[PDB]
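Asks: My questions all concern the structure below.
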Amino acid sequence: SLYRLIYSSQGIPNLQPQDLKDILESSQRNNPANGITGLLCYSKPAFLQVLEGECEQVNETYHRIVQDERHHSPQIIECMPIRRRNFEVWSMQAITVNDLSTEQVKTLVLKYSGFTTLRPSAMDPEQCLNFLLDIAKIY
Amino acid sequence: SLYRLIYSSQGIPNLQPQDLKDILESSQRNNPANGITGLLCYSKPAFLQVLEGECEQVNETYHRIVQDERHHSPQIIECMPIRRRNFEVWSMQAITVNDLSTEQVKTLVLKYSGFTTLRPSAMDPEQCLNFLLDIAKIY
Amino acid sequence: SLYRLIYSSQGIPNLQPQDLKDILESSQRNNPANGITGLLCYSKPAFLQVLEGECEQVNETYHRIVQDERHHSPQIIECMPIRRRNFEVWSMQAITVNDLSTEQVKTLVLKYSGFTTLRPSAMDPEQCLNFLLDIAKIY
Amino acid sequence: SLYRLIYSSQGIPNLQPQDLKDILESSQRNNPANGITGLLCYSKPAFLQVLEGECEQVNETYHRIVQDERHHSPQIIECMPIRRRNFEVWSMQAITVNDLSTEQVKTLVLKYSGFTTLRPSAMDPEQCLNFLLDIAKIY
Amino acid sequence: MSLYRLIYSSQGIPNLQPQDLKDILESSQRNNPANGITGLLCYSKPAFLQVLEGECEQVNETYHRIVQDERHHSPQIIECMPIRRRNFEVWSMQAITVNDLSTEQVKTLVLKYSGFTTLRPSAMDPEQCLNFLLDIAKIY
Amino acid sequence: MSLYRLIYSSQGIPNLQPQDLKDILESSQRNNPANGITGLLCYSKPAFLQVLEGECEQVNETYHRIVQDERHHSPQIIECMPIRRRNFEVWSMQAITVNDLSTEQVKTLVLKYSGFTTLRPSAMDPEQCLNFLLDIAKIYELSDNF
Amino acid sequence: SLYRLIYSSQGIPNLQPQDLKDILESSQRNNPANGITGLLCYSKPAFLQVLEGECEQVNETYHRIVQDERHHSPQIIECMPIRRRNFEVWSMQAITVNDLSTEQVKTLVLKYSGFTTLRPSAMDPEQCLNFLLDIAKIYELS
Amino acid sequence: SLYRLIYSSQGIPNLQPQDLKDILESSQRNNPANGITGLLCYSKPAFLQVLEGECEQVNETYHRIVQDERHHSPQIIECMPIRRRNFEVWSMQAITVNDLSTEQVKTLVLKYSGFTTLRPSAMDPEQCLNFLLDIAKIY
Amino acid sequence: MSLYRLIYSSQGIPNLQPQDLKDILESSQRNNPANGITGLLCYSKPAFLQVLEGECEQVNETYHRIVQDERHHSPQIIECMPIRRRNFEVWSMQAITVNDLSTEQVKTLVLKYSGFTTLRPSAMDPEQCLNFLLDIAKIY
Amino acid sequence: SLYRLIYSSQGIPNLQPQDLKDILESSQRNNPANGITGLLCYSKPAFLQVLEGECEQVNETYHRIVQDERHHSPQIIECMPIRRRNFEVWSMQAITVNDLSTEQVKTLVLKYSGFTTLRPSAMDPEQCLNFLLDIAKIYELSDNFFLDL
Ligand SMILES: Cc1cc2nc3c(=O)[nH]c(=O)nc-3n(C[C@H](O)[C@H](O)[C@H](O)COP(=O)(O)O)c2cc1C
Ligand SMILES: Cc1cc2nc3c(=O)[nH]c(=O)nc-3n(C[C@H](O)[C@H](O)[C@H](O)COP(=O)(O)O)c2cc1C
Ligand SMILES: Cc1cc2nc3c(=O)[nH]c(=O)nc-3n(C[C@H](O)[C@H](O)[C@H](O)COP(=O)(O)O)c2cc1C
Ligand SMILES: Cc1cc2nc3c(=O)[nH]c(=O)nc-3n(C[C@H](O)[C@H](O)[C@H](O)COP(=O)(O)O)c2cc1C
Ligand SMILES: Cc1cc2nc3c(=O)[nH]c(=O)nc-3n(C[C@H](O)[C@H](O)[C@H](O)COP(=O)(O)O)c2cc1C
Ligand SMILES: Cc1cc2nc3c(=O)[nH]c(=O)nc-3n(C[C@H](O)[C@H](O)[C@H](O)COP(=O)(O)O)c2cc1C
Ligand SMILES: Cc1cc2nc3c(=O)[nH]c(=O)nc-3n(C[C@H](O)[C@H](O)[C@H](O)COP(=O)(O)O)c2cc1C
Ligand SMILES: Cc1cc2nc3c(=O)[nH]c(=O)nc-3n(C[C@H](O)[C@H](O)[C@H](O)COP(=O)(O)O)c2cc1C
Ligand SMILES: Cc1cc2nc3c(=O)[nH]c(=O)nc-3n(C[C@H](O)[C@H](O)[C@H](O)COP(=O)(O)O)c2cc1C
Ligand SMILES: Cc1cc2nc3c(=O)[nH]c(=O)nc-3n(C[C@H](O)[C@H](O)[C@H](O)COP(=O)(O)O)c2cc1C
């Protein structure tokens with residue numbers, strides 16, 4: 001029953017800061033009732049998100065997210081049953097990680113990948129999860 | 001011969017505070033002589049209980065409990081020999097786990113299951129045990 | 001939700017070949033619709049039985065069996081989720097293990113226990129399951 | 001790069017044998033160019049399918065499949081990188097598993113689940129995988 | 001010459017007195033050092049549980065002498081095997097009495113490892129026996 | 001209760017005769033089967049090596065009776081522990097004698113598990129004792145680990 | 001000191017069957033004296049090779065190979081100590097893997113990758129090694 | 001694609017402190033843009049270097065390094081995918097290890113090798129990695 | 001008294017000839033049985049590789065005596081450790097020569113475990129040494 | 001090629017503190033250039049020593065040591081490749097372990113063997129190693145010939 005899904009996506013070219021906010025707010029409104037928790041990362045132009053909850057709800061949320069016009073080319077990175085949650089304190093939270101980010105954040109990206117800018121297509125599922133767990137500790 | 005049994009059951013629709021007090025008083029009277037220790041949670045309408053002791057005593061106790069008119073449809077979740085007890089401090093303790101429960105407790109439910117309401121049907125034996133271990137810590 | 005339960009019980013002194021056949025017919029009548037499979041051994045006066053199927057069904061069947069006048073003092077030996085069935089070929093089958101059994105059967109009894117009569121009380125869960133597995137492959 | 005996705009779905013109530021022939025024809029036409037292999041099972045009313053190929057390809061194929069009108073409520077059971085393929089010999093194969101199937105097949109379904117009828121919602125990723133591997137071997 | 005450990009349990013004769021246990025301790029503290037024996041004895045009326053460590057020949061000589069003692073019967077070897085290192089090396093022998101008058105802490109410890117609050121070795125496996133003995137040694 | 005194995009060695013008294021060995025084995029055959037004891041006794045003059053398997057209470061009753069026997073001394077428990085299943089199918093009615101008059105096959109077997117072609121339990125570990133005993137039971141078709 | 005090195009590279013655009021022959025002949029000439037064994041696959045335009053031998057020899061051979069004007073952009077996929085050889089019967093053997101290959105070979109390529117064309121740059125070390133073992137097996141020679 | 005390569009080299013006989021500084025300057029200039037991290041140890045006349053980064057980049061850098069006239073006889077000690085970086089705080093750092101090194105440093109060299117002087121071409125992958133990690137913490 | 005194995009390599013003197021190896025074998029086959037020693041010797045000019053099995057004391061007596069032999073020098077103990085059971089128990093000693101004129105099957109076995117077709121014990125670890133000696137024993 | 005060799009031997013009857021001092025002086029002279037480290041214990045009449053270094057060096061040193069007229073009947077206890085040294089701090093350390101040793105040291109002997117007197121023949125290689133590691137941890141100085149602990 002308890003499941004996790006990690007996926008990456010391509011946000012549309014002309015995304016603004018307000019759009020990230022619109023996504024965060026919607027997720028923070030819908031997720032609690034569905035028992036969904038997780039963490040969303042935006043590294044222009046890419047999204048990386050982890051979702052935790054029961055299987056039915058994880059799948060409902062995921063398949064509804066894919067219909068969002070603000071991104072395309074979704075790539076499911078990992079989907080499996082889990083023993084326990086790691087993001088249970090957040091309905092959803094949003095972190096931007098890019099070329100202007102601090103050395104501490106850049107060094108985390110580098111720790112799990114080939115460069116200092118976050119590229120989900122360049123990481124396996126273990127590196128994706130670990131990156132997310134570590135970035136969760138910074139703020 | 002040292003054993004653990006975890007089960008869940010459906011409490012009757014009528015259960016008042018006094019019924020929970022009666023169960024707890026009975027278990028605290030009977031369990032010490034029988035070398036039984038453990039923990040009972042009530043998440044309306046369901047019970048989740050763990051019992052530890054010598055195999056014959058755990059079985060005697062469990063089969064007596066199944067005859068109780070205050071619940072039905074008992075579902076053994078796990079019954080196994082164990083190396084050492086984990087609930088040795090309590091002949092029996094009883095905890096209500098519901099929507100009125102504290103943030104800490106609700107988050108613990110969420111850690112091991114799809115929602116913030118405790119539903120033993122939604123969890124495997126490992127998640128049941130870990131939940132019970134962690135809530136026992138809180139109490 | 002796939003589960004196995006193994007228990008032992010004390011059959012009443014009265015028991016005749018026809019009682020075993022009655023039990024067999026009853027289990028072969030009820031088990032298929034309930035998705036239950038397994039194996040019953042009778043070693044005067046002890047029974048040893050393994051039940052496999054969905055959690056809800058295994059429990060309904062088990063708790064029904066305890067109510068049977070023909071045995072008493074049930075002892076759950078193991079109850080746990082399983083990856084796959086081992087006794088799937090029969091809804092139920094019944095074997096008598098005694099001094100008139102084949103040498104091959106007597107040897108299997110001795111393999112997993114202290115005497116050449118099957119006494120489940122003495123046997124741990126791995127010994128019970130292995131005995132049942134071994135005797136099922138000969139029959 | 002090399003990935004496998006297993007999912008289940010609900011087929012529309014009015015599915016004919018011609019519809020399964022149709023689905024099979026499209027997948028046998030589309031899958032080779034995209035390097036997709038696997039197996040589809042239909043147990044009325046549900047589908048169970050495994051897809052193998054490079055991550056980008058598996059994702060393209062799956063997300064196209066979910067936007068198909070002949071089924072709904074897709075539930076991804078597992079999506080992960082894999083060491084090597086298991087269904088490489090078929091671009092796609094379609095097997096119907098129901099109450100009319102062979103006793104061999106029925107016993108197989110029962111080996112991995114609570115019942116003789118295939119119900120993916122009741123199965124974990126390992127049980128799904130092994131069922132699909134075993135039924136493929138008998139075909 | 002190999003380093004060994006033997007854990008066994010036995011039944012004390014009815015009406016063993018605190019003095020008999022003192023006599024057992026005194027003899028063991030006199031004999032064990034010269035034979036290189038270390039370990040721990042626990043008495044939970046009517047039962048004894050003892051662990052002995054030392055060289056194979058000495059552990060065996062000591063054990064088979066102990067079985068001849070009129071103060072207990074029906075000895076049950078729980079485990080006897082070569083060991084990597086001792087755990088009771090600081091004591092030639094110690095004796096601990098565990099009953100219904102022992103501390104809440106001790107009683108909880110007995111319960112952690114077995115089916116009741118009185119110690120019944122015949123019910124515990126070798127790993128439970130050793131770890132109980134290790135844990136009880138630690139608090140005393 | 002629990003299934004157990006015990007392996008021990010001892011020193012036969014100096015002047016032990018074939019009739020004495022026969023008497024021991026006649027006793028063993030009389031008692032062991034009824035008591036659910038399987039295993040084998042080996043004699044490599046002047047030493048004995050035996051393996052007992054069965055219920056813990058029974059293995060212990062049998063062993064402690066053996067230690068009181070005036071025909072041997074200085075018994076050494078080599079191993080005693082719970083086991084998952086038996087490795088000996090029967091109580092072996094015969095005595096296996098292992099000595100300088102043994103067959104080349106048997107001597108090579110002794111050598112396989114120890115420093116010499118004569119069986120010396122004091123120089124073997126529990127695994128070596130167990131495997132030697134299993135292998136020789138197999139050679140004598142008494143046998144074969146189920 | 002026994003080692004394996006697996007790498008991939010880009011063959012030159014103007015590569016001909018004759019060049020494949022010269023490489024194989026040079027390899028068969030040099031490899032025995034240096035204790036090198038292994039296997040070379042060519043999937044236009046890519047080479048995939050495994051080399052086994054003493055670390056010093058594997059490294060001498062590898063670094064000489066990278067200087068060859070017949071390929072560029074070498075990608076070491078794995079280099080590590082090994083317990084025993086897996087390709088000891090061949091000093092060097094060459095196999096072309098393409099669209100004219102047997103269906104059995106095509107199916108083998110698919111078993112370890114996304115497509116029926118061999119693309120080394122899309123296979124992890126375990127996949128490369130297992131592909132090469134399997135393909136050596138379906139072929140023959142010593 | 002995240003990789004690590006460890007190798008050893010023989011520096012030319014004539015190398016001066018200025019040559020080492022030139023190597024370091026070049027590497028700190030080039031490595032960042034290529035996402036390369038690591039550590040270089042010089043134990044006259046030998047080099048031992050660890051490189052981390054994307055497979056393509058590690059390989060580009062490595063093969064460029066082998067073309068350098070200041071060293072010869074390169075020996076790849078290990079090259080493999082990695083879970084995460086261990087260097088990463090450094091584009092590149094250089095440490096000289098010799099007869100004038102600290103007692104602590106000489107004892108570390110001895111801990112991993114036959115002598116107080118580092119002989120890179122004599123240590124296995126595990127010894128190389130751990131030596132490098134250990135000496136990184138000392139400085 | 002512990003059962004032991006020791007594997008070592010050495011350098012034979014330059015002028016060694018077939019008779020020398022025959023004298024080594026005959027001496028080994030004479031001495032080893034009474035000492036309970038088993039094993040196998042390979043000579044790959046100029047190198048010897050030998051495995052010895054037996055009781056710790058005897059393995060050591062034999063080895064330290066072998067090292068005093070004028071027919072070889074620079075001995076390198078490759079491994080020495082207690083063992084669970086013997087693998088060469090059927091031979092007091094055997095001697096095998098492995099050279100550039102051995103069978104291809106033997107030369108390939110050499111190659112399976114090392115950098116070359118000539119046996120060089122210095123080029124192999126304890127596992128490769130043991131496995132080679134086991135495999136070459138089986139094919140003889 | 002990093003190796004460890006542990007052996008025991010019987011010292012000749014007459015050995016004096018000066019003989020032990022001579023052995024240590026010799027080992028501390030030779031071991032450094034050979035990259036050898038380790039630890040020697042003397043429990044009259046027996047020696048127990050562990051040597052670490054490159055395989056060739058451990059072997060050269062060992063076989064030279066067996067030629068020493070001050071001991072006989074050497075018994076190799078274990079000889080095998082190692083991943084890392086454990087005795088790297090001293091080219092050689094030497095400790096007398098006997099019945100005039102401290103209770104702390106006697107308890108260590110008992111921890112790994114039948115008695116409080118060190119008898120290498122009564123210990124398996126893991127016991128020898130761990131005993132040597134534990135004694136290395138509590139000493140100190142390069143020897144206890146001048147001052148104990
Ligand atoms: C990258 C991305 C991630 C999203 N994650 C979530 C999510 O975690 N939970 C959620 O409810 N909506 C998520 N959404 C937003 C939903 O797609 C959609 O806007 C929402 O269902 C609309 O809810 P509303 O109509 O109540 O505002 C995400 C959107 C984007 C593009
Ligand atoms: C869910 C639940 C849990 C119970 N747990 C225990 C228990 O741990 N021990 C016990 O003796 N009785 C337990 N009981 C109560 C028994 O069923 C029964 O009422 C009690 O043992 C009667 O003893 P008394 O008549 O002496 O009061 C439980 C009952 C319920 C319904
Ligand atoms: C030891 C034993 C094992 C039994 N096993 C089963 C069983 O596997 N399935 C079942 O339906 N009934 C089993 N029963 C029989 C039931 O207790 C009961 O007789 C049966 O449900 C009556 O069904 P019927 O009215 O159709 O005959 C068992 C009874 C005994 C004593
Ligand atoms: C249960 C199910 C499984 C399907 N599996 C595949 C598949 O494996 N590959 C594929 O290309 N289409 C698959 N489809 C069919 C596609 O959704 C759809 O028919 C296709 O994109 C159009 O094919 P066409 O070329 O015939 O128009 C599946 C459909 C259903 C409902
Ligand atoms: C349960 C129990 C444990 C004993 N433990 C030891 C022991 O560890 N060491 C010992 O020498 N005697 C032990 N004995 C005592 C011996 O049986 C016996 O009294 C002793 O050999 C007599 O020595 P003494 O005559 O010098 O007093 C134990 C006795 C009992 C009943
Ligand atoms: C070395 C040796 C091994 C023995 N093994 C057994 C045995 O396994 N089982 C047994 O009952 N008696 C065994 N005994 C014999 C007993 O000590 C005792 O003599 C015998 O059980 C008496 O039984 P009886 O009165 O029927 O003759 C053994 C004796 C010796 C010396
Ligand atoms: C992809 C490829 C693989 C090669 N493999 C080997 C090899 O395994 N062994 C070898 O000696 N040369 C190999 N070479 C050839 C060498 O680079 C080089 O041509 C060789 O040293 C020439 O030797 P020769 O002058 O004696 O002919 C390979 C070349 C290519 C491009
Ligand atoms: C032992 C050694 C290690 C080197 N490491 C690196 C390195 O990590 N990164 C790098 O870019 N160049 C490295 N080089 C230097 C390159 O070979 C080359 O000199 C340099 O990249 C030229 O860059 P520049 O022209 O910008 O100065 C190394 C050279 C040597 C001899
Ligand atoms: C490489 C080599 C291996 C040897 N192996 C053995 C051996 O296994 N057993 C043995 O007794 N002597 C062995 N020797 C021979 C002894 O060194 C020595 O010649 C022997 O003690 C002479 O015995 P003899 O005087 O009875 O002939 C070996 C010698 C060499 C050089
Ligand atoms: C038990 C014992 C241990 C020894 N350990 C070493 C050693 O670790 N290193 C060493 O060089 N010599 C060791 N020796 C000393 C050598 O046998 C020999 O006396 C010494 O190497 C001669 O060197 P010197 O002439 O410079 O004094 C040891 C001797 C004994 C008896």
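Residue names in the structure tokens use chain letters A, B, ... in the order shown, residue numbers from 1 in each chain, and ligand numbers from 1 in the order shown.
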Within 6 Å of ligand 6, which residues of chain F show up? Give each one with its shortest atom-to-atom distance in Å (one decimal) and the two atoms involved, counting only C-alpha atoms and all ligand atoms, rows by chain then rising residue number, as a tab-separated table.
Replies:
residue	atom	partner	partner_atom_place_in_ligand_line	distance
F:24	CA	ligand 6	15 (C)	4.9
F:27	CA	ligand 6	27 (O)	4.3
F:28	CA	ligand 6	9 (N)	3.7
F:31	CA	ligand 6	11 (O)	4.5
F:32	CA	ligand 6	9 (N)	5.4
F:48	CA	ligand 6	1 (C)	5.7
F:62	CA	ligand 6	11 (O)	5.9
F:65	CA	ligand 6	17 (O)	5.6
F:66	CA	ligand 6	17 (O)	3.8
F:69	CA	ligand 6	17 (O)	4.4
F:71	CA	ligand 6	31 (C)	4.9
F:72	CA	ligand 6	31 (C)	5.2
Asks: Report the residues of range 4-121 of chain C whose backbone DSSP state falls under strand (DSSP E), written as number ranges by chain.
Replies: C: 4-11, 37-43, 46-54, 71-81, 94-96
Asks: Using only C-alpha atoms and all ligand atoms, determine which residues fall within 6 Å of ligand 5, then list them as number ranges by chain.
Replies: E: 24, 27-28, 31-32, 48, 65-66, 69, 71-72
Asks: Please identify all protein, DNA and RNA residues within 10 Å of ligand 9, counting only C-alpha atoms and all ligand atoms, and report them as a PyMOL selection string.
Replies: chain I and resi 8-13+20-21+23-35+37-43+47-53+59+61-73+75+92-95
Asks: Which residues, written as JSON, numbers by chain, have at least one atom at most 9 Å from residue 43 in chain D, with only C-alpha atoms counted and residues fewer than 5 positions away on the same chain left out?
Replies: {"D": [48, 95, 96, 97, 98, 99, 117, 118, 119]}
Asks: Please produce a file of those selected residues containing N, CA and C atoms, as a PDB file, in the first residue's frame.
Replies:
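File out_10.pdb, as written:
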ATOM      1  N   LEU D  48      -3.131  -6.319 -16.914  1.00  0.00           N
ATOM      2  CA  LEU D  48      -1.832  -6.299 -16.263  1.00  0.00           C
ATOM      3  C   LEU D  48      -0.779  -6.364 -17.368  1.00  0.00           C
ATOM      4  N   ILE D  95      -2.341 -12.440 -23.471  1.00  0.00           N
ATOM      5  CA  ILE D  95      -2.896 -13.653 -22.900  1.00  0.00           C
ATOM      6  C   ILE D  95      -4.143 -13.270 -22.114  1.00  0.00           C
ATOM      7  N   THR D  96      -5.228 -14.003 -22.339  1.00  0.00           N
ATOM      8  CA  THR D  96      -6.435 -13.846 -21.538  1.00  0.00           C
ATOM      9  C   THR D  96      -6.440 -14.902 -20.435  1.00  0.00           C
ATOM     10  N   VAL D  97      -6.605 -14.446 -19.193  1.00  0.00           N
ATOM     11  CA  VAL D  97      -6.626 -15.311 -18.017  1.00  0.00           C
ATOM     12  C   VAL D  97      -7.958 -15.124 -17.294  1.00  0.00           C
ATOM     13  N   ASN D  98      -8.803 -16.152 -17.318  1.00  0.00           N
ATOM     14  CA  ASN D  98     -10.109 -16.105 -16.646  1.00  0.00           C
ATOM     15  C   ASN D  98     -10.573 -17.451 -16.077  1.00  0.00           C
ATOM     16  N   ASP D  99     -11.869 -17.541 -15.770  1.00  0.00           N
ATOM     17  CA  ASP D  99     -12.455 -18.740 -15.164  1.00  0.00           C
ATOM     18  C   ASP D  99     -12.538 -19.900 -16.162  1.00  0.00           C
ATOM     19  N   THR D 117      -8.822 -16.406  -9.828  1.00  0.00           N
ATOM     20  CA  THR D 117      -8.930 -15.288 -10.778  1.00  0.00           C
ATOM     21  C   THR D 117      -7.839 -14.249 -10.531  1.00  0.00           C
ATOM     22  N   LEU D 118      -7.171 -13.855 -11.610  1.00  0.00           N
ATOM     23  CA  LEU D 118      -6.073 -12.899 -11.538  1.00  0.00           C
ATOM     24  C   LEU D 118      -6.591 -11.502 -11.183  1.00  0.00           C
ATOM     25  N   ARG D 119      -6.117 -10.994 -10.046  1.00  0.00           N
ATOM     26  CA  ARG D 119      -6.462  -9.662  -9.545  1.00  0.00           C
ATOM     27  C   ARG D 119      -5.172  -8.925  -9.139  1.00  0.00           C
TER      28      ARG D 119
END
Asks: Using the chain letters and numbers from this document, which residues of chain I does DSSP assign to alpha helix (DSSP H), as JSON, numbers by chain?
Replies: {"I": [18, 19, 20, 21, 22, 23, 24, 25, 26, 27, 28, 29, 30, 31, 56, 57, 58, 59, 60, 61, 62, 63, 64, 65, 66, 67, 104, 105, 106, 107, 108, 109, 110, 111, 112, 113, 126, 127, 128, 129, 130, 131, 132, 133, 134, 135, 136, 137, 138]}
Asks: Could you list the residues in chain J lying within 10 Å of chain H, using only C-alpha atoms, and format the result as a PyMOL selection string?
Replies: chain J and resi 1-3+32-37+52-58+82-90
Asks: How about saving the chosen residues, N, CA and C atoms kept, as a compact mmCIF listing (two decimals), in the first residue's frame?
Replies:
# COMPACT_ATOMS: atom_id res chain seq x y z
N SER J 1 50.29 -6.84 -2.18
CA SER J 1 51.58 -7.30 -1.61
C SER J 1 51.80 -6.98 -0.14
N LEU J 2 50.95 -6.14 0.46
CA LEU J 2 51.03 -5.93 1.94
C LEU J 2 50.61 -7.24 2.64
N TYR J 3 51.44 -7.67 3.60
CA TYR J 3 51.29 -8.97 4.22
C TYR J 3 51.44 -8.88 5.74
N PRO J 32 63.07 -0.62 9.85
CA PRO J 32 62.77 0.62 9.11
C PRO J 32 63.10 0.61 7.61
N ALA J 33 64.35 0.27 7.25
CA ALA J 33 64.77 0.24 5.84
C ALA J 33 64.02 -0.83 5.05
N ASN J 34 63.58 -1.87 5.75
CA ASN J 34 62.82 -2.95 5.15
C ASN J 34 61.31 -2.72 5.17
N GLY J 35 60.87 -1.61 5.78
CA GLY J 35 59.45 -1.26 5.85
C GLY J 35 58.66 -2.23 6.75
N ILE J 36 59.32 -2.85 7.72
CA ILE J 36 58.66 -3.85 8.60
C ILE J 36 58.15 -3.12 9.84
N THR J 37 56.93 -3.46 10.26
CA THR J 37 56.45 -3.04 11.59
C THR J 37 55.90 -4.28 12.31
N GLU J 52 54.56 -7.11 9.76
CA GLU J 52 53.78 -6.54 8.64
C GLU J 52 54.76 -5.86 7.69
N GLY J 53 54.48 -5.95 6.40
CA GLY J 53 55.24 -5.21 5.39
C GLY J 53 54.90 -5.83 4.04
N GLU J 54 55.70 -5.50 3.04
CA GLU J 54 55.56 -6.04 1.71
C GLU J 54 55.95 -7.52 1.77
N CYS J 55 55.30 -8.36 0.96
CA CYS J 55 55.46 -9.81 1.03
C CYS J 55 56.93 -10.23 1.00
N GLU J 56 57.67 -9.69 0.03
CA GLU J 56 59.07 -10.01 -0.10
C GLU J 56 59.87 -9.68 1.17
N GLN J 57 59.62 -8.51 1.73
CA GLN J 57 60.27 -8.07 2.97
C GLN J 57 59.89 -8.87 4.22
N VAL J 58 58.60 -9.17 4.37
CA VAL J 58 58.14 -9.99 5.51
C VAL J 58 58.86 -11.34 5.45
N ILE J 82 47.10 -8.56 3.75
CA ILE J 82 46.22 -7.70 4.54
C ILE J 82 45.86 -6.42 3.79
N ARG J 83 44.74 -5.82 4.17
CA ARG J 83 44.23 -4.62 3.49
C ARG J 83 44.89 -3.34 4.04
N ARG J 84 45.23 -3.39 5.33
CA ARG J 84 45.85 -2.26 6.01
C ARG J 84 46.63 -2.78 7.20
N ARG J 85 47.69 -2.05 7.56
CA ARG J 85 48.47 -2.41 8.76
C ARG J 85 47.66 -2.09 10.01
N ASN J 86 48.01 -2.78 11.10
CA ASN J 86 47.47 -2.48 12.41
C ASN J 86 48.57 -2.14 13.42
N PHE J 87 49.80 -2.50 13.10
CA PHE J 87 50.95 -2.31 13.99
C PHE J 87 51.94 -1.27 13.45
N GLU J 88 51.43 -0.30 12.71
CA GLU J 88 52.29 0.65 11.93
C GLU J 88 53.12 1.62 12.77
N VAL J 89 52.78 1.72 14.04
CA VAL J 89 53.40 2.76 14.87
C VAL J 89 54.86 2.47 15.23
N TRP J 90 55.24 1.19 15.27
CA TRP J 90 56.61 0.85 15.67
C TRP J 90 57.26 -0.05 14.64
Asks: For ligand 8, collect every residue having any atom at a distance of at most 9 Å from a ligand atom (counting only C-alpha atoms and all ligand atoms); output as a PyMOL selection string.
Replies: chain H and resi 8-11+19-20+22-32+34+36-42+46-51+61-72+91-93
Asks: Using only C-alpha atoms and all ligand atoms, find each residue with an atom at most 9 Å away from ligand 10 and format the answer as a PyMOL selection string.
Replies: chain J and resi 8-11+19-20+22-32+34+36-42+46-51+61-72+91-93
